[PDB]
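Below, each chain spelled out in residue letters.
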Amino acid sequence: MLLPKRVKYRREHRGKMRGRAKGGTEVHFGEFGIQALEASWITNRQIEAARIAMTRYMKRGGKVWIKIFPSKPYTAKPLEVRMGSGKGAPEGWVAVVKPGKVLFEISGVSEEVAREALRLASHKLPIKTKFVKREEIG
Amino acid sequence: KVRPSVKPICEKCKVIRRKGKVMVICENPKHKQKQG
Amino acid sequence: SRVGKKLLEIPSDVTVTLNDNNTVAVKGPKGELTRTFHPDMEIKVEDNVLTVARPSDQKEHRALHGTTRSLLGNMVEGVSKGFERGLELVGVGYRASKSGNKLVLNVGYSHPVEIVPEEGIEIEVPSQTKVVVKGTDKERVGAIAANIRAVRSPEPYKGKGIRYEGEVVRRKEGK
Amino acid sequence: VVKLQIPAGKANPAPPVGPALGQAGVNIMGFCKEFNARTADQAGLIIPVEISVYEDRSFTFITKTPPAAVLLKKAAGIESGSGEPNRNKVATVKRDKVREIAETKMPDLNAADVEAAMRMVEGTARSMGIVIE
Amino acid sequence: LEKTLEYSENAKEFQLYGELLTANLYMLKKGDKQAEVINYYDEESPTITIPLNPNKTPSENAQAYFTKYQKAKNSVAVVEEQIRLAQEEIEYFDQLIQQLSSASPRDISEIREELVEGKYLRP
RNA sequence: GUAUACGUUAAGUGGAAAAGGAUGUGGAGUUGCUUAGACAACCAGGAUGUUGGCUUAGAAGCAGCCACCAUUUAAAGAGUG
């Protein structure tokens, strides 16, 4: 379960998610990965769920590279209060994921094991996913 | 069983499309699935 | 590569009509059949063999050519040889019975089971268990066999009720 | 017909020859002596014997050769095979007794030549875990 | 444990009676005693003690007898191991009774030392 | 304008949303085979060394672990259910 232990500011603007991925577009650590097709906030609970779902089915094999990190906090005002009167308290941490970005990286297993592990990870994520692999021109 | 995720459970399952509805028939009657 | 190209040899002695708007009457020693067809297909008959030809490669025509050729094969098989669907009534107290043309089944209900056969379809009961239905059309004998099976479906724990030839019911364990 | 591999030195009691001949409808003890008469000179080995069946309750048994597994146990000396063949090479059998074992299997095996037979029993020797040398 | 060692032979008799029942009911259900085929049977015909032969499920009773026999032979292994361990424990405890029933002082001190050495024992 | 030409859809989509599921259909592009005869269907072989080996009574291809070979050959895996 992933969170920064110290931040410069505890309350930040929610930002915008226009455009493609700025970086982390190509798979370059593992052999196979998930490429994002839509943009939404990914909570660290979802990241933990996808990581356990991959790691359990890969009980024998290589390690998992988590390419995204939930650095941006989101604030949640308490329920049943009026609008305004100050910004609410921070509740959790999300990672801003753009389309084209690689989320998790797997090497050291077979093809179908990696495909099924990425499918089990993708069924926990709130975004449309696809299977990508390393290209060697090169 | 009626579910919107009609999938072949075993190797003997066969996917058919009766009446515009995706269905799975099998020798095992527990694998009979319909949607819609 | 498909059933619409193989030849269908007919035995002696049958004959086939080629009436307008695609109506086919088939004469033979064991009955008479007449069905209405679709106007989009052109049918031609050669010497002692029947052929059906497609007009195009569309999916409706690709289905209809095969269905027409298959049911013509069913007609020429049933008009000269016929079709039998054999049934077995398995149980200590099961009996098919005969009273004229009426068919009586001694199924374990509190009321005696009676089923009325249609014209041209006959049922014979030779023995304790085995019963044979006789007819010249596959559709009619299939409907009759379904109507016989409808009064008592076979239950999976023990072999009871109406059963065909070789076909396994799923065995279940009771307590 | 029910074929089975009957040990020579333990054909008297109700094991293997008992229930096989019992369902055929014949007394086992009246044929155990006939089994032990023809299995005397190959005693200590398990011999497959064909058991033909007739309608008039008369039975004539056509004996076969000893198996290539049992004959390789005779040629080597070890009774039980290794846990993993071609991983624990427990024994080595020279080619002359291999040729003798292949030559014993003439009247039952349909091999045209003895070279084909020694190539077969080379393959059976590889299943034994025994080095063919 | 010697009681279970006699239950071993009891369950061997149970396996004999179940194998008697297994073809059965060759004989009538009751005890299915001495059921053997005269010919074309390997007449094991073992002598058996005949409980009435169960039951509603006629094969699972003989199969239950055969399972009791497998548990009995695993018991033949494990209870002999436990008897060996129990005589070792009784010898050690009789020795401890002897060493407590008086001696030295310094001897008791080094007995404590040896015991604590025997066994490692968080570190 | 019941207009022209080329296609697409068969659900009343048009004329209300998703994750996900699916032998729907029209296209584009690879790849194994194919009239020396292709994928299926129907007639036959579907084997002996061989119950291939430790194991459990019994693993006889079809509990488990297993190098996984050799023939008669037009063909057979010490075997997919």
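Thresholds, definitions, all that
- Residues numbered from 1 in each chain as written, not as in the entry; some residues may be left out.
- Chains lettered and ligands numbered in written order.
- Part of a larger assembly, values for the part shown.
- Heavy atoms only, no water.
- UniProt positions renumbered as here; feature names shortened; annotations may be inferred.
- 1 Å grid on protein atoms, 1.4 Å probe; cavity = no way out; pocket = protein on both sides within 12 Å on 5 of 7 lines; lining within 4 Å.
- Points joined across faces, edges and corners; volume = space filled by probe spheres on them.
- Nonpolar A, V, L, I, M, F, W, Y, C, P; charged D, E, K, R; others polar.
- Helix = DSSP H or I, 4+ residues; strand = E, 2+ residues; numbered from the N terminus.

For this structure, the PDB header gives the title as "Structure of the bacterial RQC complex (Translocating State)". Recorded in UniProt under Subunit, the annotation for chain B is "Part of the 50S ribosomal subunit." Under Sequence similarities, UniProt gives the following word-for-word description of chain B: "Belongs to the bacterial ribosomal protein bL36 family."

The name given to chain A in the PDB entry is 50S ribosomal protein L16, and the organism recorded there is Bacillus subtilis subsp. subtilis str. 168. Turning to chain A, the UniProt annotation filed under Function states: "Binds 23S rRNA and is also seen to make contacts with the A and possibly P site tRNAs." Per UniProt, chain A has the following entry under Subunit: "Part of the 50S ribosomal subunit."

Caption draft 1: How the structure looks around empty space enclosed by the protein. The tally for this structure, following the rule as stated, stands at six cavities of 30 Å³ or more. In this structure, the largest cavity occupies an estimated 110 Å³ of space. Looking at the largest cavity, it is lined by 13 residues, and the ones nearest its centre are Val 24, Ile 43, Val 45, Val 52 and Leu 72 of chain C. Considering only residue class, the lining of the largest cavity consists of nine nonpolar, three polar and one charged. When its volume is computed, the second largest cavity comes out at roughly 60 Å³. If you go around the second largest cavity, the residues you meet are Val 2, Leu 4, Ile 6, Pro 16, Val 17, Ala 20, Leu 21, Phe 35 and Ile 51 of chain D. Those elements that provide at least two residues to the lining of the second largest cavity are strand 1 (4–7) and helix 1 (17–22) of chain D. Per-element accounting of the lining of the second largest cavity gives the leading share, three residues, to helix 1 of chain D. Each residue belonging to the lining of the second largest cavity can be placed in one class, and the counts come to nine nonpolar, no polar and no charged.

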